[PDB]
Amino acid sequence: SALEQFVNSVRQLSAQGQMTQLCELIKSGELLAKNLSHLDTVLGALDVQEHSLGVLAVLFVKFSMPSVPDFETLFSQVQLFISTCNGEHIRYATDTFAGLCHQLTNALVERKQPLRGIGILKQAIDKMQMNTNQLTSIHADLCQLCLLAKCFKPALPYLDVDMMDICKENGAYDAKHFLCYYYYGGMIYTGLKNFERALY
Amino acid sequence: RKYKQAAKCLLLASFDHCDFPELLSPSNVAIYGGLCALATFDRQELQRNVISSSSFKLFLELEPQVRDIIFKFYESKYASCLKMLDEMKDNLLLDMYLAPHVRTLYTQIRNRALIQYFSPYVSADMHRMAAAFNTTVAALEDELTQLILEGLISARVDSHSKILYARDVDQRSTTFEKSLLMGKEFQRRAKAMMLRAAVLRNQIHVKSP
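Written out as structure tokens, the structure is:
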């Protein structure tokens with residue numbers, strides 16, 4: 003019903019004819036019924052190409068329970084969506100990132116720390132960040148982590164890039180995003196002792 | 297305290313005015329003027345101002361004391377020169393108007409005493425020299441340490457030498473290091489302004505609340 007060609011959209015109708023539905027409007032769910040397990044057939048499997056405009060505007064009428072018990076199951080297929088279905092212009096993938104992942108962020112040190120998402124999930128992170136390791140609040144989450152959480156490695160790739168190309172462009176970012184950005188920059192190059200970089 | 301034009305006039309003493317009890321005592325006239333100069337000057341034109349002083353020659357010949365004071369000063373008998381220097385310490389104090397700049401004067405005095413003797417040498421030995429300036433070995437070297445605070449020679453001391461070696465040689469490589477410092481802050485600013493173009497053109501700012 004609610005996903006008749008919609009799951010067919012994600013699987014099939016993404017990169018198709020008049021199927022430009024999900025991406026453009028920028030998560031442990033995406034449909035909150037009894038079939039929250041059917042939220043995990045194929046969404047993080049293929050890609051995030053030109054299926055952008057409509058169906059998010061169509062489907063912003065549910066907006067409840069972004070933290071379903073799929074903390075590993077749909078988490079698994081979203082680590083796939085990282086790997087398998089990373090996408091086209093994956094900035095707007097910050098949506099589930101925003102809605103769910105910060106959601107998920109809230110639990111990580113709430114359990115221990117970001118146990119399970121960092122390494123792979125940087126795949127579609129960087130599929131998101133087009134060119135320069137372009138700025139997102141994924142930086143914010145993971146780098147607040149590597150600052151305070153004792154896990155400083157995954158952004159060691161991303162350490163001294165002159166990353167740029169942020170997206171305001173229908174949100175996709177926040178003042179706090181860069182705030183945190185150079186903020187953990189400061190605190191970490193403190194702890195990392197490249198004090199000049201962070202002072203900068 | 298712009299004593300340059302001060303001494304510019306001090307040299308200009310024209311005796312033929314010949315009278316003003318409120319003007320200055322010729323003792324104070326010459327000492328006043330010439331020591332403003334002895335603060336201000338660079339040695340060449342001032343020796344010209346001094347050794348080739350003509351208009352001031354009466355004013356010259358007023359204080360034989362201060363005359364040969366600055367004479368052998370530029371001739372560098374620093375010991376008794378500084379001696380009568382801080383002997384007239386008390387009497388410049390005895391000047392109402394020499395009091396207010398005694399520190400300034402004696403400051404720049406011993407400064408330029410340095411400036412005078414030190415310039416030709418390459419490694420500042422102290423032993424006999426300290427015997428001259430009559431500053432204790434520590435007080436000597438701490439005068440010097442002061443000097444370090446501002447000094448011009450890339451100089452260092454084996455304290456066991458009790459002796460400096462003065463400034464270094466190369467300026468080329470100096471230029472090199474300043475060059476690289478230049479370039480690094482250049483690139484620093486450059487990325488800064490790249491990111492600045494971002495933040496501006498990305499609408500970015502901070503609201504008030």
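Protein chains in written order, with the authors' numbering: chain C, 3 to 28, 30 to 203; chain A, 297 to 505. C-beta: ideal position from N, C-alpha, C; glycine also.
Query, Result
"Any chain A beta carbon closer than 8 Å to residue 191/C", "no"
"Distance, residue 499/A Cα to residue 182/C Cα", "15 Å"
"Chain C contact residues for residue 491/A, given Cβ-Cβ distances below 8 Å", "165, 167"
"CB-CB length for residue 306/A against residue 333/A, believed under 8 Å", "6 Å"
"Buried/exposed call for residue 141/C, threshold 16 Cβ in 10 Å", "buried"
"Short CB-CB distance (under 8 Å) between residue 203/C and chain A", "yes"
"Where residue 459/A sits in the DSSP three-state scheme", "strand"
"Distance, residue 416/A Cα to residue 363/A Cα", "25 Å"
"Amino acids of chain C, ordered along the chain, whose beta-carbon sits closer than 8 Å to that of residue 499/A", "171"
"Residue 467/A classed as buried or exposed, judged by whether at least 16 other C-beta atoms fall within 10 angstroms", "exposed"
"Chain A within 8 Å of residue 155/C, Cβ atoms only", "no"
"Cβ-heavy atom distance, residue 373/A to the ligand ATP, below 7 Å", "Looking at this structure, you won't find the ligand ATP or any other ligand, since it has none at all."
"is_contact[residue 198/C, chain A] using C-beta, thresh 8 Å", "no"
"Proximal chain A residues relative to residue 178/C, where beta-carbon distance stays under 9 Å", "500, 501, 502, 503"
"Opening and closing residue of the alpha helix (DSSP H) in which residue 454/A lies", "From DSSP, residue 454/A is part of no alpha helix (DSSP H) but of the beta strand (DSSP E) over 452-454."
"Residue 507/A - partner residues in DSSP beta bridges", "Outside the shown range of chain A, which is 297 to 505, sits residue 507/A, and nothing can be said about it."
"Separation of residue 419/A from residue 465/A, as counted between CA atoms", "13 Å"
"Chain-ordered residues of the region 457-487 of chain A with a beta carbon less than 7 Å from chain C", "484, 487"
"Residue 501/A (DSSP reduced to helix, strand or coil)", "coil"
"Close-in-space but distant-in-sequence residues of the same chain around residue 8/C (CB under 6 Å, 5 per side omitted)", "none"
"Contact with chain C by residue 428/A, beta-carbon distance below 8 Å", "no"
"C-beta contact flag for residue 23/C and residue 56/C at 8 Å", "yes"
"Residue from 26/C, 62/C, 3/C, 60/C whose Cα sits closest to the Cα of residue 38/C", "3/C"
"Residue 108/C versus residue 483/A - alpha carbon distance", "35 Å"
"Cβ-Cβ distance between residue 15/C and residue 60/C below 8 Å", "no"
"N-terminal and C-terminal residue of the alpha helix (DSSP H) that residue 400/A is part of", "398-414"
"Contact set for residue 72/C: own chain, Cβ-Cβ below 8 Å, skip 5 residues either direction", "39"
"Minimum Cβ-Cβ distance from residue 181/C to chain A less than 8 Å", "yes"
"Beta-carbon proximity check, residue 494/A vs residue 167/C, cutoff 8 Å", "yes"
"Residue closest to residue 356/A, alpha-carbon to alpha-carbon, out of 443/A, 376/A, 328/A, 372/A", "328/A"
"Assumed close pair residue 130/C, residue 174/C - CB separation to whole angstroms, cut-off 8 Å", "Residue 130/C to residue 174/C, Cβ: 19 Å. No contact."
"Of the listed residues 21/C, 128/C, 53/C, 68/C, nearest to residue 42/C (C-alpha basis)", "68/C"
"Straight-line gap, residue 343/A to residue 370/A (C-alpha atoms, nearest Å)", "9 Å"
"Inter-residue CB distance, residue 106/C and residue 70/C (contact presumed, cutoff 8 Å)", "5 Å"
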